[PDB]
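Only this structure's heavy atoms are used, side chains among them; waters, hydrogens and symmetry mates stay out. Throughout, protein chains are lettered first and strands after them, A, B, ... in sequence-line order, and every chain is numbered starting at 1.
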Amino acid sequence: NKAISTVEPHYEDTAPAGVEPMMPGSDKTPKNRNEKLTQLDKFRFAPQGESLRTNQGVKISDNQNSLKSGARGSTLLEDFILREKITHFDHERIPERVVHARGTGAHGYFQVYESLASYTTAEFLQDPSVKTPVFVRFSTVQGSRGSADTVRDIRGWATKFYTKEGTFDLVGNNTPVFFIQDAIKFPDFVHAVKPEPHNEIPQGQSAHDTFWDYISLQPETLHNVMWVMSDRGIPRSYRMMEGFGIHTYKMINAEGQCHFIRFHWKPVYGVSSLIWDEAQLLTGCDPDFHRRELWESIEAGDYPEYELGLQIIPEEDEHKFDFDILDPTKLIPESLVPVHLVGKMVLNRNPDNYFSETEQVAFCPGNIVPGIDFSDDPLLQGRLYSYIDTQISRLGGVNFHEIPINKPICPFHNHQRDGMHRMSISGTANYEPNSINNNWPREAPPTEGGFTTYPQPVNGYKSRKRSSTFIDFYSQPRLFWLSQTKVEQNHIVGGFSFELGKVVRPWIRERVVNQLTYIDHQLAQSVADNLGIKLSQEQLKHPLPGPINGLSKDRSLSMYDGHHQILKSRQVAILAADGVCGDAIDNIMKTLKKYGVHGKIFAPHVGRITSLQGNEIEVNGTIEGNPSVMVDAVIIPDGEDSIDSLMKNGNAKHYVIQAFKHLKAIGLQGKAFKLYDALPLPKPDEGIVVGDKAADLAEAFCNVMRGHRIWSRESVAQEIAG
Amino acid sequence: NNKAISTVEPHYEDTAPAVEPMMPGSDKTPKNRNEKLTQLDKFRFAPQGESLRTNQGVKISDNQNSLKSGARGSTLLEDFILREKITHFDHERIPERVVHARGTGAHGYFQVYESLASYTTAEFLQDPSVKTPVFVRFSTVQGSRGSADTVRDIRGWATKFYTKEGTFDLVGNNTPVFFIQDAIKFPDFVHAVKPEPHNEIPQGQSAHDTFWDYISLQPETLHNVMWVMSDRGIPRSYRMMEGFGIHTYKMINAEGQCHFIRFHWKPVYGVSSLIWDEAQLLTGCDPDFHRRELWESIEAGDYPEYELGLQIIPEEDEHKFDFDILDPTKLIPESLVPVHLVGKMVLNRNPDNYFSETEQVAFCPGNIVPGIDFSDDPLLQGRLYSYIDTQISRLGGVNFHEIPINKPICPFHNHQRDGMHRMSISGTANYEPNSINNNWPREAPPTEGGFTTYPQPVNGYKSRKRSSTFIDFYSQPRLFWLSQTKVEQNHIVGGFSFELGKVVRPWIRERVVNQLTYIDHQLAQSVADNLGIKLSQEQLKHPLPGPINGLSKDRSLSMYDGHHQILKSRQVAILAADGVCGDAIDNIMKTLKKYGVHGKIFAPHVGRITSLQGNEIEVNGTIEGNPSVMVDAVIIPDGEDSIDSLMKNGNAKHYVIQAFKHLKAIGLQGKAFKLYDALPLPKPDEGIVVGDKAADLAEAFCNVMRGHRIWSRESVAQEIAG
Amino acid sequence: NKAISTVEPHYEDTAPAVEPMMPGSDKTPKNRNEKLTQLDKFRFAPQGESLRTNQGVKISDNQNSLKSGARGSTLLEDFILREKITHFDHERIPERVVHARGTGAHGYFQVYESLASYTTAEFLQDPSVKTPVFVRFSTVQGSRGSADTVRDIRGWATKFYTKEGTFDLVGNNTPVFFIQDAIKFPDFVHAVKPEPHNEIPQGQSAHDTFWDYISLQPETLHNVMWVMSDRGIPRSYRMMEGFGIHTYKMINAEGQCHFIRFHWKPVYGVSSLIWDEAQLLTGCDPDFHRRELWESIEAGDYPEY
Amino acid sequence: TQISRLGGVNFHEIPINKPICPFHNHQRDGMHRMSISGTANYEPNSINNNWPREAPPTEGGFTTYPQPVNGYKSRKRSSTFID
Amino acid sequence: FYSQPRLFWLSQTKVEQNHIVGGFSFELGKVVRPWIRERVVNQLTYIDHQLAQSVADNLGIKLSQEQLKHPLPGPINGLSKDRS
Ligand code: HEM
Ligand code: HEM
Ligand code: HEM
């Protein structure tokens, strides 16, 4: 009977009569509310106690069998329940985004610190009491929907502000510049970096011939190549990277005064990155690492938190720099123009349905609000036409603003009608001006908030031509290079050398290092050596760029110079087996909890382990299923029986070797050193903390961790086999 | 001027000025409501006092001008306001319906007279106190959108019942049978009747070679061809035609017993039709006649009302007929199986937005509800697949049930997810069986309303073969013929003759006429004569079918033998110019209103005319703008100046000649007879009412109108130049 | 036997042992050009071929679904039925948002003398070259199945397939348009199109919203005059004028710009219907202009402009 | 699924999907129609002498094997499957 | 807005002018809201007074003296008519 039951209608109950699973945001954080989420409640489905039905509302009695001509016969065309279930499934998929297909979404809110009326009339930047809702999607660039999170790529960062005066979309990246200057080159650049069109190889990688062929022939790309070749290209979390709108925008105030503006997002949890070998392994054992990290951090209360910052330039200072502020391959150095922190954004609710919310969300740089305006940046100008154009195919037509995640929370009356999947039913005149409805809805005068374009002077000739002022390809790459710590420079050389290693045609590699000789002679020579290229005497004498408004370095372009390492919310592995020391774990956990750090007990099997004190303690998962690359640091408590089993276990001995090679902090209590001493690992350096007392060993352990990575270990780490 | 310049600058002031036009149903009849219309209220937005906005909620300040470089310069790509407005316009159109593209909809409600629990468990048929909302779309078949209403064609009649146990679609036609027997022939039939593939000619007509080519080679089509050749093919109004589901369905009661069922709609306003010459002129001067007639019926309170009837056949009687009840080219004569009137449907509210509601509604025969089931009609079986398949591309994907007009008014939880334009947001398990949500939504046992298929026996071999019980093509066409009055038979001969006259290939005309010799010899003879064909004496004695289950004729297949002529809601033209007798008009008007007739005053100009008594009378429209084909009858009041104006007006004199030739009633008061006597018309017959006192004459006029048309005049009228 | 024959597979001849309109390849096969020769690669010739599925499988019985017994239920495994029905279900594509109602023909263009003085445009350089064209004529307001002889602007779109690119001259049969700035097109078109609550009227500007918009926008009056005149109701697409409306530029080999407006001047003259006659034609032949064009080409009275 | 994945009912006209043999029938139109057809688009016709034509089973026309079918209309898992 | 409507009107033969009048009169006669017909007829008084008077008569509109005295546009680069 037990078996027969499973292939018959299921009228009975099936439920049985870290610790907890990820759940929809409405189930785990229902108290994190905002105005947009309340609007989305109108479309949420609560199925408790409901019948299974067709889409026309008809109750289904047997969801286990097709209508057949007998129990062993042929399926009947009149089985409308079967066909409706299969047809819906057949049409589930919609096109992925042409770029940034791979992405993660969360809900939140934004508050302005104080009014910015001095700069902009934008409603959401006027009143610090308002909680204006937001939805953010983070993304990679090159890979399709199912590619890995921790690839070496640019990360996209798109924030939708549901304001009372319109929806504003801030659509940026995690590096302050882009690869190209004119939007007309976007298909060329994207085709070059995407998988090649004959074999569709490789996925989520720029490490191939067509990409570097393009770089080598378009020096304007070099600056942002530097950024992706650095550890910026492999962030540890979406909570620990920076954000930039990249383009110079405009803000107009109540007086009609124009300020040029560049947008910034500064992480409250600091700026931290992976290292390349650890990033690549993480894509094998968890392609969802960033998506999972963001989701769990919100369910844990370590809400992503970012401060919106603005670089502000008076319209008269437009030409005060050695670069064009309209050139998206140029950053504005924070020395020259400081970033004013103007408000805070917090992400505190996961979506309920990924496809409905994250997949269907539409962001366009053209979605501005009164108080913001566009500059003549010729890359931004192309983006204004592309976002809306692509969303008509991806999202089914021109009514994609009626999709719940995309609706504004303000009114939005106009004379537009019809289109595919038209939701609203409009009774009134559909042309303007009309008299039969007394011309409602009516144009809004500027003094009442109607959008106007700032009247910027426009002079020249109709021409296709790159501005003379855009022709500066090497200076900002050099600024970025000289601004990096020694270990960050080595990692940039690593990225270049690994990537060009996968390039088949030699002349592309040669042309690329040749481009590097115009940035820094020692960067070019390091990369040339890793690739067997001998530089000529002429190449070694290649002219280098001078400073930029008297600047040769800028500390802000470095990650590990200004000690932007936050300890709250990091993850620590605790390698325990049966026979571990109970009191140690408690004191490790109490110390970690004191610092906002999460520790996870990893054991050979799942469930519980029993301590030498005879008590049972819950495991978070196996050592095998949670390698060191998923945690920030390892700690091994004492317990002779625990240590003995760990030493027989290849995964747990490798756990420490790999933790070591990836420059992480390793804590060893008591005879735990028994395990370190067994491996081919050198004498404990500054990131190896031994000790017999757990709270003290934990306190010192948490303090090695404040440095993120033991950069000193790097040279001896290379020679360790593992 | 300063007013001139004003028209092309933002319009911030009022445009309105400080018998009625057609209006949305929400403006005209807000009192008429039901559960479906209350649901649609959520999707209706009021624009009064509201700003013109973008779809993102941004107030627009200038709707009159593109963003340009200079007031005489080039248009700029950053004008996101212009591009959004134009892009939405650009994507307004969706594919029209592949058949029945030309249609018109209305809202209403349905009530069952008493419980049908003896025959079915269908919820909406159990409880007379329940008001089930409906939406009904009427249509032609062949024409595209924009084709004319009063073509000679089959009329579609689709009714959507929004019940509490699911949405039920009764998708019918206005004739009791269809052209073909098997769904695999439908594309061939449709391609044959549609415009021809090389030149896309003719629109709205079956009168062309390929259609009659298909008929001559497919005799199974002859029965419905007789229906559409008769006056049933040109109905006067959607309120005055019959409706049929055509197929035999099944009804299943609580005891599991099965009754074979056929659905009927009986119009309380009667069954009446135009004549061919009138129908064709009407397509010229009002292609929207029926769509307008329906709209204005509801606004005038002349609501379309119909009784739902059932022919009810116990299971064991299935094979007691001389034809197969599963054959869709066969009707079940009402003399054999009567139609039981089981309920009433009232259409009492026009839509607000035609596209949102009439264009986007989706109906399928497979959308049945528990208590109803399908039969093995092989045409019906193929229909179940077609309606959902066409809608996935016509309505933009598999979520077209989430478009407001298609949503059910009951719950509809299931495990379907995603698809284009996904409105719902679901959090719970998306598979069945599941334990992580205790298997909600859950399958419903049949005794809780779970849908089940009645366990009909199935025996045979897999094969493609026409059932021998279907090969019976001339019986029912002859039965239909013999059931017609001689006037109706004459018009059938006219339909055939006119249509075949437009076929170019003479052998097509000859082969059709040969098919007619197997239905009736006089019919074949009369059509042959009009086509210049000579029949052999062999053809004049081709064997004819005999009676069907003891009937040679059935008066219910006739329109005019019956007495279904309703005078209320008909239209009357009152021809008048200045100097008309104003007391006469007032008395005519009072009389017409007494019988619910609508008199419209048609003059040589709009505005007002002036009574010979010096009074102003408001005019409905011009004589030239409202020819006699638009009204049911004509009455000319007295006033010698009016009659003398009307006598110099060629259109006014054509009004009487045309209405005379279209067999309509004409009243002439006093000197008005002077107009009639100058026309080359014979002596007043029974349809020409002459009289001096206005009310007296109007009374006799209304009585003549009770007969619809003056059939006796037909031969006299052929001679008349007009 | 004859009766049953019609519901069984037809493996026999059906043709019998003043002339209908026919596809261009059957009536005027000698009239050819480079474009038509290119289209030939996509013409199917079905004489002597088996009826087949789209995957190439021969079909034995096109008269019957696959059932469980001759009186039974249709089976889901009938792939032939579902392929044929599915393709029928998906025949329709959206109509053009304006000019939905239209009529097309192939032809050629020749230049009289080189226009090198004014333009470098390849197709206006060499008089010995026949440039293939395809022309579509249309109304504006009505949907696909609306009548021909309505009162409306007529669209007149010509595709020149030149050796240096496809050039499209997309014009009307009046020399001016109703509005000045594109931002107003959706308002103008919405005002003229059938009204949104009832979708009335078809193929007519004679309704409130259109004239409401005219009354508030005097820039429309010039073209409103053209369509209230007998320009609004032409006798034939062969007897109307054509215009690009807009000023274009033409650039010669020396970089010199001239302002240009385009004109089509019909060789068969400019003739129109009168209003009452045009309205009656829509009733008794809604395809009148479409038919007239097809038939004039078939008779040798080629449209020339 | 392929009607929406590949853009309509004419995906067999995409080169990789086309057969290498003839495939005449009466199907017409649909999105991105590449074939251009002049002949009658319905069957049976006489204006084209009914070409293209059904093929007898003995000349290659597809037929279903006449398998016997006996039972009741039913939603049920075969007991012969419970294993 | 009015100069070229007047040029086009003055170029028409009298029968072509009569047909323009019929076009306006028939179309406006199907407009329901009377103020729309009036506003349009008013617009015509700025093009040609006899055009406006004929159409206003067909629609039963009485024109005011201000309307019959509405200022008309002048020649276009010397032209008042163009027979093409
Ligand atoms: C300043 C450099 C650029 C940045 C920072 C940028 C940023 C982004 C981001 C973050 C997304 C993903 C948005 C999401 O999550 O849905 C995106 C998508 C996209 N971008 Fe860009 N982009 C840039 C340049 C361009 C250019 C030059 C074009 C082409 C003109 C372009 C066209 C697109 C398109 C078509 C999408 C997909 C939009 C969708 O399907 O919803 N972008 N961009
Ligand atoms: C009993 C004979 C039939 C009747 C009475 C019938 C009735 C109708 C009606 C009234 C409509 C218009 C529904 C609406 O207003 O939206 C319609 C549409 C349609 N029918 Fe039929 N039909 C019949 C046979 C067929 C057959 C044999 C097929 C093909 C298998 C078919 C396929 C369709 C399709 C595809 C539509 C368009 C549906 C849409 O786009 O929403 N019908 N039918
Ligand atoms: C100078 C005034 C204009 C003229 C003479 C004109 C002419 C035409 C013509 C002849 C067609 C039909 C082409 C065909 O046969 O396929 C057409 C279609 C169209 N026009 Fe215009 N038009 C004008 C203004 C506009 C404006 C202002 C817009 C909007 C910005 C517009 C948008 C369209 C669109 C969307 C179509 C349909 C194109 C298609 O679906 O293939 N036109 N126009």
Could you look at C:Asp78 and say if it's the side chain, the backbone, both or neither that has a heavy atom under 4.5 Å from chain D? neither
Of the listed residues (D:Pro66, D:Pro56, D:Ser37, D:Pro57), which shares the most heavy-atom pairs with chain C below a 4.5 Å separation? D:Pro56
Is it true that atom CZ of C:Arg291 has more than 12 heavy atoms of other residues, nucleotides or ligands lying nearer than 6.0 Å? yes
Looking only at heavy atoms, what is the nearest atom pair of C:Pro94 and D:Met31, with distance? CD-CE, 4.3 Å
Excluding sequence neighbours, so at least two apart, what forms side-chain hydrogen bond (donor to acceptor under 3.5 Å, both in side chains) with C:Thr149? none
For chain D, which candidate among C:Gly48, C:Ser68, C:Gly69, C:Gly56 shows the most heavy-atom pairs at distances under 4.5 Å? C:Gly48
Run the side chain to side chain contact (heavy atoms under 4.5 Å, CB included) check on C:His10 and D:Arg53 step by step: do they pass? CA-CA 8 Å; C:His10 316 107; D:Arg53 203 168 284 181; 5.9 Å; no
When rounded to the nearest 0.5 angstrom, what distance separates OG in C:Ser50 from CZ in D:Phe23? 14.5 Å
Please state whether the side chain, the backbone, both or neither of C:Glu77 comes within less than 4.5 Å of a heavy atom of chain D. side chain
Looking only at atom types and distance, does a side-chain atom of C:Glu49 sit under 3.5 Å from a main-chain N or O of D:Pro52, one as donor and one as acceptor? no
If you count heavy-atom pairs under 4.5 Å with chain D, which of C:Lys84, C:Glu12, C:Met22, C:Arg92 comes out on top? C:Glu12
Donor-acceptor contact present, side-chain D:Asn49 to main-chain C:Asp13, <3.5 Å: no
How would you list, in number order, the residues of residues 38-47 of chain D that have a heavy atom less than 4.5 Å from chain C? D:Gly38, D:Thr39, D:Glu43, D:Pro44, D:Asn45, D:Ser46
Ring-plane angle category for D:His24 and C:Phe44, please: parallel below 30°, perpendicular beyond 60°, tilted otherwise. tilted
Whatever's closer than 4.5 Å to a heavy atom in chain D on C:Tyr11 counts as both
Report, in residue-number order, which members of residues 153-171 of chain C are under 4.5 Å from chain D by heavy-atom distance. none
Chain C neighbours within residues 67-79 of chain D, where any heavy atom lies under 4.5 Å away: D:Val69, D:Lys73
Is C:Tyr108 atom OH crowded by more than 12 heavy atoms from other residues, nucleotides or ligands, each under 6.0 Å away? no
Show, in sequence, the C-alpha distance, side-chain angles and deciding distance for C:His87 and D:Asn10, and conclude whether the side-chain hydrogen bond (donor to acceptor under 3.5 Å, both in side chains) test is met. CA-CA 8 Å; C:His87 201 279; D:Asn10 289 313; 2.8 Å; yes
What part of C:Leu39 gets closer than 4.5 Å to chain D, counting heavy atoms only: side chain, backbone, both or neither? both
Which atoms of C:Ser25 approach chain D - backbone, side chain, both or neither, heavy atom under 4.5 Å: neither
Using the side chain to side chain donor-acceptor pair (under 3.5 Å) definition, which of the options C:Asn62, C:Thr53, C:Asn54 pairs with D:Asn25? C:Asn54
Using a 4.5 angstrom heavy-atom cutoff, name the option from D:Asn48, D:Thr63, D:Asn50 with the most pairs to chain C. D:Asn50
Honestly, the part of C:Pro23 sitting under 4.5 Å from a heavy atom of chain D is side chain
How about CD on C:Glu34, more than 12 heavy atoms from neighbouring residues, nucleotides or ligands closer than 6.0 Å, or not? no
Spatial distance of atom CZ (C:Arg52) from atom CD (D:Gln27) [nearest 0.5 Å]: 13.5 Å
Pairs of heavy atoms under 4.5 Å with chain C: top-ranked of D:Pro19, D:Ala55, D:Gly30, D:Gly60: D:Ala55
With a 4.5 angstrom heavy-atom cut-off, could you sort out which part of D:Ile20 is near chain C: side chain, backbone, both or neither? neither
